[PDB]
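Report on one structure; see the data block that follows.
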Amino acid sequence: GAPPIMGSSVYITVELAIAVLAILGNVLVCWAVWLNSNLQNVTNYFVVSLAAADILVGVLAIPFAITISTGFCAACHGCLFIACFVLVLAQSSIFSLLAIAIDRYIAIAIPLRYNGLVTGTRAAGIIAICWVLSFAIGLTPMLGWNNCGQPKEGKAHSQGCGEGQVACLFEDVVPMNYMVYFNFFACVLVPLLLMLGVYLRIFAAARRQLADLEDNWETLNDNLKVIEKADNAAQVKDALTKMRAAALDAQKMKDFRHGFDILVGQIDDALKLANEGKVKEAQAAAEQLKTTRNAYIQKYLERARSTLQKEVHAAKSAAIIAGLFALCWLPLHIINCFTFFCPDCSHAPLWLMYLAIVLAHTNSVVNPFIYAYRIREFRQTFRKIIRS
Ligand SMILES: Nc1nc(NCCN2CCN(c3ccc(F)cc3F)CC2)nc2nc(-c3ccco3)nn12
Ligand SMILES: CC(C)CCC[C@@H](C)[C@H]1CC[C@H]2[C@@H]3CC=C4C[C@@H](O)CC[C@]4(C)[C@H]3CC[C@]12C
Ligand SMILES: CC(C)CCC[C@@H](C)[C@H]1CC[C@H]2[C@@H]3CC=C4C[C@@H](O)CC[C@]4(C)[C@H]3CC[C@]12C
Ligand SMILES: CC(C)CCC[C@@H](C)[C@H]1CC[C@H]2[C@@H]3CC=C4C[C@@H](O)CC[C@]4(C)[C@H]3CC[C@]12C
Ligand SMILES: CCCCCCCC/C=C/CCCCCCCC(=O)OC[C@@H](O)CO
Ligand SMILES: CCCCCCCC/C=C/CCCCCCCC(=O)OC[C@@H](O)CO
Ligand SMILES: CCCCCCCC/C=C\CCCCCCCC(=O)O
Ligand SMILES: CCCCCCCC/C=C\CCCCCCCC(=O)O
Ligand code: NA
């Protein structure tokens, strides 16, 4: 049995290295949002709240985790706070991640009413409520769902603990049925699955909207061919009626409106000639639509396609952050499931427990890198902060 301080020295050194990187990276995130007005939006307010929780992981949760790894003597309820505060920060991160996904769904599914529905004041109230709810969820053991009524007295005496004290160890004071049923299943797994469903809806909405743009573009070009090779006025009228409904459907900003004003008006001009039985004159009037399509309509199609592809890319970046949260925290949750559900299984070894703990803490480091690599506005703001 090698001296415990040796293995503890590696674990403590790694934890402190994680804490430093978690503080610097996420302070840089908050500093960037504070300085750049282009980064000041509802989505990034939840990013800041997420960054604040990761800052608290380095300032508080990691020192708390180092403290509880020693098994020091402590009053059991004070031990619970040290043990459970990281659950407040993890829960707050989950609420921020869910809000970011929901915010991205509103912007892509109903962009016309997004700005009136999603405001900065309403976001601040949501952030405040989610932090209060995270304290209630994470500190639920302090409300009575704990093992403080059944302390390990033999372990407390062997450590020389005083009266009313226990050896402060995570699995000794925090019930595993809380950790699995309440914290993992209800408060972590279910919101994460809701996040996945929201992201599936986002990408499905983006894919559908892109296909609709290409469908209206095809409908515009197909019916033009129908008009050119029509032999009676009724055929020209049929295609023009479908184009007019498609043109108004694509219309659902001044150069935008003018280009569609010309398009619909030119369709109405040809429709009037078609109803008069003037086939040759209607087809020639419909040929003018090609000038409007090249000069105006195609530019709107490409810009609309460009805006949607940026929303997909922004939603992928946010989904990567949620996926990395799941990847970093799931091993610790899964180990707790083995400890709880399989008492006949040998406990996961010590080195694996602290590997899972370190990995969960590493998640507080990774988000600043995802923003820097995937969001130009952050990366450029990061550069200006560092240079100056
Ligand atoms: N489960 C857990 N533990 C800790 N810290 C204590 C580590 N010791 C756990 C006991 N063990 C052990 C016991 C008997 C053995 F035969 C072998 C062992 F190796 C030593 C090591 N911290 C945590 N945090 C979260 C957590 C936070 C969010 C989700 O889960 N679970 N968790
Ligand atoms: C706002 C920030 C800076 C304040 C940080 C306060 C932290 C460090 C304080 C608040 C409550 C404190 C705990 C309260 C009770 C106990 C029980 C005692 O037997 C050992 C210490 C222990 C476990 C304390 C450790 C430190 C502690 C967690
Ligand atoms: C989310 C992704 C990374 C999957 C994570 C898989 C990890 C967490 C899984 C894969 C294999 C698992 C181990 C397989 C077998 C045992 C032996 C048992 O006596 C205690 C648990 C223990 C030690 C498991 C702990 C959790 C474990 C390490
Ligand atoms: C987010 C994704 C990974 C879904 C989460 C799946 C979790 C809940 C699953 C994956 C593997 C599962 C474990 C696999 C094997 C065992 C051993 C058995 O003796 C008791 C149940 C137990 C311990 C399972 C509990 C639940 C478990 C941890
Ligand atoms: C032991 C005690 C430790 C203290 C833990 C306290 C945890 C609470 C921390 C909360 C940080 C939240 C920061 C989140 C800040 C988000 C920015 C914002 O909301 O502004 C948007 C509006 O201004 C626009 O109108
Ligand atoms: C935009 C800014 C956001 C501001 C965030 C607001 C700060 C949230 C603070 C919440 C405190 C509520 C705590 C309520 C949660 C219950 C747990 C508890 O209080 O246990 C402590 C005692 O049992 C000890 O004996
Ligand atoms: C920027 C502020 C961040 C706070 C830095 C604090 C760093 C201290 C790190 C670890 C504290 C470990 C506490 C040791 C527990 C005592 C061990 C024992 O009593 O047996
Ligand atoms: C851990 C148990 C969770 C607690 C369940 C219920 C606690 C709070 C419930 C809902 C808070 C709703 C927020 C509404 C605040 C008012 C909004 C407004 O002023 O417009
Ligand atoms: Na986090």
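Please note that chains go A, B, ... in the order of the structure tokens, that every chain numbers its residues from 1, and that ligands are numbered from 1 in the order shown.
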Neighbour list for residue 242 of chain A as a VMD selection string, cut-off 10 Å, only C-alpha atoms, skip fewer than 5 positions in-chain: chain A and resid 219 to 220 223 237 247
For the residues selected in the previous step, produce a file with N, CA and C atoms as a JSON list (two decimals), in the first residue's frame.
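Output (part24.json):
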```
[["chain", "number", "residue", "atom", "x", "y", "z"],
["A", 219, "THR", "N", -39.75, 25.38, -58.82],
["A", 219, "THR", "CA", -41.08, 25.73, -59.32],
["A", 219, "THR", "C", -41.03, 26.96, -60.21],
["A", 220, "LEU", "N", -40.21, 27.95, -59.84],
["A", 220, "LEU", "CA", -40.07, 29.15, -60.65],
["A", 220, "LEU", "C", -39.49, 28.83, -62.02],
["A", 223, "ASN", "N", -41.98, 26.11, -64.31],
["A", 223, "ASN", "CA", -43.15, 26.71, -64.94],
["A", 223, "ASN", "C", -42.78, 27.71, -66.03],
["A", 237, "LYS", "N", -51.79, 30.15, -68.46],
["A", 237, "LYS", "CA", -52.46, 30.61, -67.25],
["A", 237, "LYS", "C", -52.20, 29.67, -66.08],
["A", 247, "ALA", "N", -44.37, 32.67, -55.83],
["A", 247, "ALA", "CA", -43.67, 33.93, -55.60],
["A", 247, "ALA", "C", -44.07, 34.56, -54.27]]
```
Excluding segment 293-304 of chain A and its own-chain neighbours fewer than 5 positions away, which residues fall within 9 Å of it when counting only C-alpha atoms? Please give them as number ranges by chain. A: 210, 213-214, 217, 220, 250, 255-256, 258-260, 263, 288, 309
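The nearest approach to residue 212 of chain A among the residues A:308, A:196, A:284, A:129, with only C-alpha atoms taken into account, belongs to A:308.
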Can you tell me which residues come within 10 Å of ligand 1 when counting only C-alpha atoms and all ligand atoms, ideally as a CSV table (one decimal) with N, CA, C and O atoms, in the first residue's frame?
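Generated output (out_22.csv):
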```csv
chain,number,residue,atom,x,y,z
A,65,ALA,N,-13.5,19.4,-4.1
A,65,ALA,CA,-13.2,18.0,-4.4
A,65,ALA,C,-11.9,17.5,-3.8
A,65,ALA,O,-11.8,16.4,-3.4
A,66,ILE,N,-10.9,18.4,-3.9
A,66,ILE,CA,-9.6,18.1,-3.2
A,66,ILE,C,-9.8,17.9,-1.7
A,66,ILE,O,-9.2,17.0,-1.1
A,68,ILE,N,-12.5,17.0,0.0
A,68,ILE,CA,-13.3,15.8,0.3
A,68,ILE,C,-12.5,14.5,0.0
A,68,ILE,O,-12.9,13.4,0.6
A,69,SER,N,-11.5,14.5,-0.9
A,69,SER,CA,-10.7,13.3,-1.1
A,69,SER,C,-9.8,13.0,0.0
A,69,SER,O,-9.3,11.8,0.0
A,70,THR,N,-9.6,13.8,1.0
A,70,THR,CA,-8.8,13.5,2.2
A,70,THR,C,-9.6,12.8,3.3
A,70,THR,O,-8.9,12.2,4.2
A,71,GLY,N,-10.9,12.8,3.2
A,71,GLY,CA,-11.6,12.2,4.3
A,71,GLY,C,-11.5,12.8,5.6
A,71,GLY,O,-11.7,12.2,6.6
A,83,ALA,N,-19.7,18.4,-0.6
A,83,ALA,CA,-19.8,17.3,-1.6
A,83,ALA,C,-20.8,17.6,-2.7
A,83,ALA,O,-20.6,17.2,-3.8
A,84,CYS,N,-21.8,18.4,-2.4
A,84,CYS,CA,-23.0,18.6,-3.3
A,84,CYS,C,-22.9,19.9,-4.1
A,84,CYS,O,-23.7,20.1,-5.0
A,85,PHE,N,-22.0,20.9,-3.7
A,85,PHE,CA,-22.0,22.1,-4.4
A,85,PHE,C,-21.7,22.0,-5.9
A,85,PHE,O,-22.3,22.7,-6.7
A,86,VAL,N,-20.9,21.0,-6.3
A,86,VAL,CA,-20.6,20.7,-7.7
A,86,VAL,C,-21.9,20.3,-8.4
A,86,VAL,O,-22.0,20.5,-9.6
A,87,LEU,N,-22.8,19.7,-7.7
A,87,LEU,CA,-24.1,19.3,-8.3
A,87,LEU,C,-24.9,20.5,-8.7
A,87,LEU,O,-25.7,20.5,-9.6
A,88,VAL,N,-24.8,21.6,-7.9
A,88,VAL,CA,-25.4,22.9,-8.2
A,88,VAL,C,-24.9,23.4,-9.5
A,88,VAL,O,-25.6,23.9,-10.4
A,89,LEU,N,-23.5,23.4,-9.7
A,89,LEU,CA,-22.9,23.9,-10.9
A,89,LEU,C,-23.2,23.1,-12.1
A,89,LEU,O,-23.5,23.6,-13.2
A,90,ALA,N,-23.2,21.7,-11.9
A,90,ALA,CA,-23.5,20.8,-13.0
A,90,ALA,C,-25.0,21.0,-13.4
A,90,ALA,O,-25.3,21.1,-14.6
A,91,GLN,N,-25.9,21.2,-12.4
A,91,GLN,CA,-27.3,21.4,-12.8
A,91,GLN,C,-27.5,22.7,-13.5
A,91,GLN,O,-28.3,22.8,-14.4
A,138,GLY,N,-29.3,20.6,-6.4
A,138,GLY,CA,-28.0,20.1,-6.1
A,138,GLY,C,-27.8,19.9,-4.6
A,138,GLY,O,-27.1,19.0,-4.1
A,168,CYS,N,-15.3,12.9,6.2
A,168,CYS,CA,-16.0,13.5,5.0
A,168,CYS,C,-15.6,12.8,3.7
A,168,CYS,O,-14.6,13.1,3.1
A,169,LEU,N,-16.5,11.8,3.4
A,169,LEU,CA,-16.3,11.1,2.1
A,169,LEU,C,-17.6,11.1,1.3
A,169,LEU,O,-18.6,10.9,1.9
A,170,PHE,N,-17.4,11.3,0.0
A,170,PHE,CA,-18.6,11.5,-0.8
A,170,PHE,C,-19.6,10.4,-0.7
A,170,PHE,O,-20.8,10.6,-0.4
A,171,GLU,N,-19.2,9.2,-1.0
A,171,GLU,CA,-20.2,8.1,-1.0
A,171,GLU,C,-20.6,7.7,0.4
A,171,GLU,O,-21.6,6.9,0.6
A,172,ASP,N,-20.0,8.2,1.5
A,172,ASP,CA,-20.5,7.9,2.8
A,172,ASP,C,-21.6,8.8,3.2
A,172,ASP,O,-22.5,8.4,4.1
A,174,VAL,N,-23.5,11.1,0.8
A,174,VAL,CA,-24.5,11.4,-0.3
A,174,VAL,C,-25.1,10.0,-0.6
A,174,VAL,O,-24.4,9.1,-1.1
A,175,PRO,N,-26.4,9.8,-0.5
A,175,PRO,CA,-27.0,8.6,-0.8
A,175,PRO,C,-26.9,8.3,-2.3
A,175,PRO,O,-27.1,9.2,-3.2
A,176,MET,N,-26.6,7.0,-2.7
A,176,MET,CA,-26.5,6.7,-4.1
A,176,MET,C,-27.8,6.6,-4.8
A,176,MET,O,-27.8,6.8,-6.0
A,179,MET,N,-28.2,10.0,-6.1
A,179,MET,CA,-27.3,10.2,-7.2
A,179,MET,C,-27.7,9.6,-8.5
A,179,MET,O,-27.4,10.1,-9.6
A,180,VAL,N,-28.4,8.5,-8.4
A,180,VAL,CA,-28.8,7.7,-9.6
A,180,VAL,C,-30.2,8.1,-10.0
A,180,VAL,O,-30.4,8.5,-11.2
A,183,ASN,N,-30.6,12.6,-9.2
A,183,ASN,CA,-29.7,13.5,-9.9
A,183,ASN,C,-29.4,13.1,-11.3
A,183,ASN,O,-29.6,13.9,-12.2
A,184,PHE,N,-29.0,11.8,-11.5
A,184,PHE,CA,-28.7,11.3,-12.8
A,184,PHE,C,-29.9,11.2,-13.7
A,184,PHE,O,-30.1,12.0,-14.7
A,188,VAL,N,-30.4,15.0,-14.9
A,188,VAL,CA,-29.3,15.1,-15.9
A,188,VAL,C,-29.7,14.3,-17.2
A,188,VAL,O,-29.7,14.9,-18.3
A,329,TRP,N,-19.3,14.0,-18.3
A,329,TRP,CA,-20.0,13.6,-17.0
A,329,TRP,C,-20.6,12.2,-17.0
A,329,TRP,O,-20.7,11.7,-15.9
A,330,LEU,N,-21.0,11.7,-18.1
A,330,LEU,CA,-21.6,10.3,-18.2
A,330,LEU,C,-20.7,9.3,-17.5
A,330,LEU,O,-21.3,8.4,-16.8
A,331,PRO,N,-19.4,9.2,-17.7
A,331,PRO,CA,-18.7,8.1,-17.0
A,331,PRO,C,-18.9,8.1,-15.5
A,331,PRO,O,-19.0,7.0,-14.9
A,332,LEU,N,-18.8,9.2,-14.8
A,332,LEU,CA,-19.0,9.3,-13.4
A,332,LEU,C,-20.4,8.8,-13.0
A,332,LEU,O,-20.6,8.1,-12.1
A,333,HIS,N,-21.4,9.3,-13.8
A,333,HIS,CA,-22.8,8.9,-13.6
A,333,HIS,C,-23.0,7.4,-13.8
A,333,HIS,O,-23.7,6.7,-13.0
A,334,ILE,N,-22.3,6.8,-14.8
A,334,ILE,CA,-22.4,5.4,-15.1
A,334,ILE,C,-21.8,4.6,-14.0
A,334,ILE,O,-22.3,3.5,-13.6
A,335,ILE,N,-20.6,5.0,-13.5
A,335,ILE,CA,-20.0,4.3,-12.4
A,335,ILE,C,-20.9,4.3,-11.2
A,335,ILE,O,-21.0,3.3,-10.5
A,336,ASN,N,-21.5,5.4,-10.9
A,336,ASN,CA,-22.5,5.5,-9.8
A,336,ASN,C,-23.6,4.5,-10.0
A,336,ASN,O,-24.1,3.9,-9.0
A,337,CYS,N,-24.0,4.2,-11.2
A,337,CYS,CA,-25.1,3.2,-11.5
A,337,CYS,C,-24.6,1.8,-11.2
A,337,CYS,O,-25.3,1.0,-10.6
A,339,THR,N,-22.2,1.1,-8.9
A,339,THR,CA,-22.1,1.0,-7.5
A,339,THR,C,-23.5,0.8,-6.9
A,339,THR,O,-23.6,0.0,-5.9
A,340,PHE,N,-24.5,1.5,-7.4
A,340,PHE,CA,-25.8,1.4,-6.8
A,340,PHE,C,-26.6,0.1,-7.3
A,340,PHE,O,-27.1,-0.6,-6.4
A,346,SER,N,-17.7,-5.7,-7.7
A,346,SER,CA,-16.6,-5.0,-7.0
A,346,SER,C,-16.7,-3.5,-7.3
A,346,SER,O,-16.9,-3.2,-8.5
A,347,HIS,N,-16.4,-2.7,-6.3
A,347,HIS,CA,-16.5,-1.2,-6.5
A,347,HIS,C,-15.4,-0.8,-7.6
A,347,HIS,O,-14.3,-1.4,-7.6
A,348,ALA,N,-15.8,0.1,-8.4
A,348,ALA,CA,-14.9,0.6,-9.4
A,348,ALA,C,-13.6,1.1,-8.7
A,348,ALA,O,-13.7,1.7,-7.6
A,349,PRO,N,-12.4,0.8,-9.2
A,349,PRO,CA,-11.2,1.1,-8.5
A,349,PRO,C,-11.0,2.5,-8.2
A,349,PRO,O,-11.6,3.4,-8.9
A,350,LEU,N,-10.1,2.8,-7.3
A,350,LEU,CA,-9.8,4.2,-6.9
A,350,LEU,C,-9.3,5.0,-8.0
A,350,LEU,O,-9.7,6.2,-8.2
A,351,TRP,N,-8.4,4.5,-8.8
A,351,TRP,CA,-7.8,5.3,-9.9
A,351,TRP,C,-8.8,5.6,-11.0
A,351,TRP,O,-8.8,6.7,-11.6
A,352,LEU,N,-9.8,4.8,-11.2
A,352,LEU,CA,-10.9,5.0,-12.1
A,352,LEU,C,-11.9,6.1,-11.6
A,352,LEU,O,-12.4,6.9,-12.3
A,353,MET,N,-12.2,6.0,-10.3
A,353,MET,CA,-13.1,7.0,-9.7
A,353,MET,C,-12.5,8.4,-9.9
A,353,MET,O,-13.2,9.3,-10.3
A,354,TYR,N,-11.2,8.6,-9.6
A,354,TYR,CA,-10.6,9.9,-9.7
A,354,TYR,C,-10.3,10.3,-11.2
A,354,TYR,O,-10.3,11.5,-11.5
A,355,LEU,N,-10.2,9.3,-12.0
A,355,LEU,CA,-10.1,9.6,-13.5
A,355,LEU,C,-11.5,10.2,-13.9
A,355,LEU,O,-11.6,11.1,-14.7
A,356,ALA,N,-12.6,9.6,-13.5
A,356,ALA,CA,-13.9,10.0,-13.8
A,356,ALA,C,-14.2,11.4,-13.3
A,356,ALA,O,-14.9,12.3,-13.9
A,357,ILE,N,-13.7,11.7,-12.0
A,357,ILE,CA,-13.9,13.0,-11.4
A,357,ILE,C,-13.1,14.0,-12.2
A,357,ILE,O,-13.7,15.1,-12.5
A,358,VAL,N,-11.9,13.8,-12.5
A,358,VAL,CA,-11.0,14.7,-13.3
A,358,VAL,C,-11.7,15.0,-14.6
A,358,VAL,O,-11.7,16.1,-15.1
A,360,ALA,N,-14.8,14.8,-15.5
A,360,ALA,CA,-16.0,15.7,-15.3
A,360,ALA,C,-15.5,17.2,-15.2
A,360,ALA,O,-16.2,18.1,-15.7
A,361,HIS,N,-14.4,17.4,-14.4
A,361,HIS,CA,-13.9,18.7,-14.2
A,361,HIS,C,-13.3,19.3,-15.5
A,361,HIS,O,-13.4,20.5,-15.7
```
Pick from A:5, A:56, A:211, A:47: nearest to residue 368 of chain A, with only C-alpha atoms counted? A:47
Counting only C-alpha atoms, the option among A:97, A:230, A:318, A:42 closest to residue 278 of chain A: A:230
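Between atom CA of residue 28 of chain A and atom 6 (C, counted along the ligand's line) of ligand 5 there is a distance of 18.8 Å.
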Determine, counting only C-alpha atoms, which protein, DNA and RNA residues have an atom within 9 Å of an atom of segment 372-384 of chain A; residues of the same chain fewer than 2 positions away are not included. Present the result as a ChimeraX atom specification. /A:28-29,31-33,35-36,38-39,313-314,317,367-370,386-388
For residue 274 of chain A, find every residue with an atom within 10 Å (counting only C-alpha atoms), except residues of its own chain fewer than 5 positions away, and show them as number ranges by chain. A: 232-238, 240, 268-269, 279-283, 285
Atoms kept (N, CA, C and O atoms) for selection, written as a PDB file, in the first residue's frame:
```pdb
ATOM      1  N   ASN A 232     -51.529  26.859 -75.936  1.00  0.00           N
ATOM      2  CA  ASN A 232     -52.798  27.549 -75.750  1.00  0.00           C
ATOM      3  C   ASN A 232     -52.707  28.437 -74.518  1.00  0.00           C
ATOM      4  O   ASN A 232     -51.832  28.265 -73.665  1.00  0.00           O
ATOM      5  N   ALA A 233     -53.635  29.395 -74.430  1.00  0.00           N
ATOM      6  CA  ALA A 233     -53.602  30.354 -73.330  1.00  0.00           C
ATOM      7  C   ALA A 233     -53.882  29.691 -71.987  1.00  0.00           C
ATOM      8  O   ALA A 233     -53.418  30.179 -70.952  1.00  0.00           O
ATOM      9  N   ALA A 234     -54.628  28.584 -71.981  1.00  0.00           N
ATOM     10  CA  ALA A 234     -54.960  27.933 -70.717  1.00  0.00           C
ATOM     11  C   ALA A 234     -53.721  27.341 -70.056  1.00  0.00           C
ATOM     12  O   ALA A 234     -53.596  27.370 -68.825  1.00  0.00           O
ATOM     13  N   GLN A 235     -52.794  26.805 -70.854  1.00  0.00           N
ATOM     14  CA  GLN A 235     -51.563  26.253 -70.295  1.00  0.00           C
ATOM     15  C   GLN A 235     -50.695  27.345 -69.683  1.00  0.00           C
ATOM     16  O   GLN A 235     -50.108  27.152 -68.611  1.00  0.00           O
ATOM     17  N   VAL A 236     -50.598  28.496 -70.352  1.00  0.00           N
ATOM     18  CA  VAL A 236     -49.828  29.611 -69.807  1.00  0.00           C
ATOM     19  C   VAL A 236     -50.453  30.101 -68.507  1.00  0.00           C
ATOM     20  O   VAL A 236     -49.747  30.421 -67.543  1.00  0.00           O
ATOM     21  N   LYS A 237     -51.786  30.153 -68.456  1.00  0.00           N
ATOM     22  CA  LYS A 237     -52.464  30.609 -67.246  1.00  0.00           C
ATOM     23  C   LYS A 237     -52.203  29.668 -66.076  1.00  0.00           C
ATOM     24  O   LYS A 237     -52.003  30.119 -64.942  1.00  0.00           O
ATOM     25  N   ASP A 238     -52.196  28.356 -66.332  1.00  0.00           N
ATOM     26  CA  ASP A 238     -51.951  27.386 -65.266  1.00  0.00           C
ATOM     27  C   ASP A 238     -50.591  27.609 -64.616  1.00  0.00           C
ATOM     28  O   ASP A 238     -50.481  27.678 -63.386  1.00  0.00           O
ATOM     29  N   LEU A 240     -48.625  30.297 -64.732  1.00  0.00           N
ATOM     30  CA  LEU A 240     -48.524  31.609 -64.100  1.00  0.00           C
ATOM     31  C   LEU A 240     -49.234  31.645 -62.753  1.00  0.00           C
ATOM     32  O   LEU A 240     -48.775  32.331 -61.832  1.00  0.00           O
ATOM     33  N   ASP A 268     -48.626  39.114 -63.037  1.00  0.00           N
ATOM     34  CA  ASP A 268     -49.973  39.632 -63.253  1.00  0.00           C
ATOM     35  C   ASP A 268     -50.136  40.182 -64.665  1.00  0.00           C
ATOM     36  O   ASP A 268     -51.207  40.047 -65.269  1.00  0.00           O
ATOM     37  N   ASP A 269     -49.087  40.808 -65.206  1.00  0.00           N
ATOM     38  CA  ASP A 269     -49.142  41.287 -66.585  1.00  0.00           C
ATOM     39  C   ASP A 269     -49.371  40.133 -67.554  1.00  0.00           C
ATOM     40  O   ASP A 269     -50.241  40.203 -68.431  1.00  0.00           O
ATOM     41  N   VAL A 279     -51.719  34.265 -76.406  1.00  0.00           N
ATOM     42  CA  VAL A 279     -50.697  33.307 -75.994  1.00  0.00           C
ATOM     43  C   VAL A 279     -49.302  33.848 -76.284  1.00  0.00           C
ATOM     44  O   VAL A 279     -48.444  33.900 -75.396  1.00  0.00           O
ATOM     45  N   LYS A 280     -49.054  34.253 -77.534  1.00  0.00           N
ATOM     46  CA  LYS A 280     -47.736  34.765 -77.904  1.00  0.00           C
ATOM     47  C   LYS A 280     -47.351  35.971 -77.058  1.00  0.00           C
ATOM     48  O   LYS A 280     -46.193  36.107 -76.645  1.00  0.00           O
ATOM     49  N   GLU A 281     -48.311  36.855 -76.784  1.00  0.00           N
ATOM     50  CA  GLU A 281     -48.013  38.044 -75.994  1.00  0.00           C
ATOM     51  C   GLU A 281     -47.803  37.699 -74.524  1.00  0.00           C
ATOM     52  O   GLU A 281     -47.018  38.366 -73.840  1.00  0.00           O
ATOM     53  N   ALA A 282     -48.482  36.663 -74.025  1.00  0.00           N
ATOM     54  CA  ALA A 282     -48.289  36.253 -72.638  1.00  0.00           C
ATOM     55  C   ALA A 282     -46.940  35.572 -72.444  1.00  0.00           C
ATOM     56  O   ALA A 282     -46.250  35.819 -71.448  1.00  0.00           O
ATOM     57  N   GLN A 283     -46.548  34.710 -73.387  1.00  0.00           N
ATOM     58  CA  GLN A 283     -45.253  34.044 -73.289  1.00  0.00           C
ATOM     59  C   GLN A 283     -44.110  35.049 -73.354  1.00  0.00           C
ATOM     60  O   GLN A 283     -43.100  34.896 -72.659  1.00  0.00           O
ATOM     61  N   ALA A 285     -44.326  38.145 -72.327  1.00  0.00           N
ATOM     62  CA  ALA A 285     -44.353  38.831 -71.040  1.00  0.00           C
ATOM     63  C   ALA A 285     -43.731  37.973 -69.944  1.00  0.00           C
ATOM     64  O   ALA A 285     -43.072  38.497 -69.038  1.00  0.00           O
TER      65      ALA A 285
END
```
Could you tell me, counting only C-alpha atoms and all ligand atoms, which protein and nucleic acid residues lie no more than 10 Å from ligand 5, written as a PDB file with C-alpha atoms, in the first residue's frame?
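Listed below is the output, part.pdb:
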```
ATOM      1  CA  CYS A  30     -17.158  36.575 -20.041  1.00  0.00           C
ATOM      2  CA  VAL A  33     -19.205  39.138 -24.191  1.00  0.00           C
ATOM      3  CA  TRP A  34     -18.795  42.204 -21.963  1.00  0.00           C
ATOM      4  CA  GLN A  40     -24.380  40.604 -26.601  1.00  0.00           C
ATOM      5  CA  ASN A  41     -27.492  38.540 -27.297  1.00  0.00           C
ATOM      6  CA  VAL A  42     -29.758  36.162 -25.396  1.00  0.00           C
ATOM      7  CA  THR A  43     -27.880  33.084 -26.622  1.00  0.00           C
ATOM      8  CA  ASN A  44     -24.581  34.383 -25.227  1.00  0.00           C
ATOM      9  CA  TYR A  45     -26.184  35.400 -21.925  1.00  0.00           C
ATOM     10  CA  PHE A  46     -26.735  31.696 -21.278  1.00  0.00           C
ATOM     11  CA  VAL A  47     -23.182  31.153 -22.542  1.00  0.00           C
ATOM     12  CA  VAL A  48     -22.021  33.589 -19.852  1.00  0.00           C
ATOM     13  CA  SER A  49     -24.103  31.812 -17.203  1.00  0.00           C
ATOM     14  CA  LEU A  50     -22.538  28.553 -18.396  1.00  0.00           C
ATOM     15  CA  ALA A  51     -19.101  30.182 -18.204  1.00  0.00           C
ATOM     16  CA  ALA A  52     -19.842  31.478 -14.696  1.00  0.00           C
ATOM     17  CA  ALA A  53     -20.612  27.951 -13.485  1.00  0.00           C
ATOM     18  CA  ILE A  55     -15.512  29.531 -13.234  1.00  0.00           C
ATOM     19  CA  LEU A  56     -17.070  28.358  -9.969  1.00  0.00           C
ATOM     20  CA  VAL A  59     -12.727  28.479  -7.709  1.00  0.00           C
ATOM     21  CA  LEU A  60     -14.902  26.285  -5.472  1.00  0.00           C
ATOM     22  CA  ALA A  61     -15.855  22.823  -6.751  1.00  0.00           C
ATOM     23  CA  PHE A  81     -22.292  21.135   1.201  1.00  0.00           C
ATOM     24  CA  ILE A  82     -18.695  20.492   0.108  1.00  0.00           C
ATOM     25  CA  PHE A  85     -22.024  22.139  -4.425  1.00  0.00           C
ATOM     26  CA  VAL A  88     -25.424  22.869  -8.229  1.00  0.00           C
ATOM     27  CA  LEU A  89     -22.898  23.926 -10.867  1.00  0.00           C
ATOM     28  CA  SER A  92     -26.925  25.090 -13.679  1.00  0.00           C
ATOM     29  CA  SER A  96     -28.074  26.835 -19.586  1.00  0.00           C
ATOM     30  CA  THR A 119     -35.594  39.375 -24.988  1.00  0.00           C
ATOM     31  CA  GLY A 120     -32.645  40.153 -22.752  1.00  0.00           C
ATOM     32  CA  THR A 121     -34.802  40.926 -19.718  1.00  0.00           C
ATOM     33  CA  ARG A 122     -36.729  37.649 -19.958  1.00  0.00           C
ATOM     34  CA  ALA A 123     -33.429  35.788 -20.359  1.00  0.00           C
ATOM     35  CA  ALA A 124     -32.059  37.324 -17.151  1.00  0.00           C
ATOM     36  CA  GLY A 125     -35.126  36.209 -15.204  1.00  0.00           C
ATOM     37  CA  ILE A 126     -34.784  32.693 -16.610  1.00  0.00           C
ATOM     38  CA  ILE A 127     -31.101  32.596 -15.630  1.00  0.00           C
ATOM     39  CA  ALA A 128     -31.907  33.728 -12.086  1.00  0.00           C
ATOM     40  CA  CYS A 130     -32.483  28.343 -13.095  1.00  0.00           C
ATOM     41  CA  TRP A 131     -29.738  29.169 -10.583  1.00  0.00           C
ATOM     42  CA  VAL A 132     -32.234  29.049  -7.707  1.00  0.00           C
ATOM     43  CA  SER A 134     -29.996  24.410  -9.381  1.00  0.00           C
ATOM     44  CA  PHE A 135     -29.297  25.134  -5.708  1.00  0.00           C
TER      45      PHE A 135
END
```
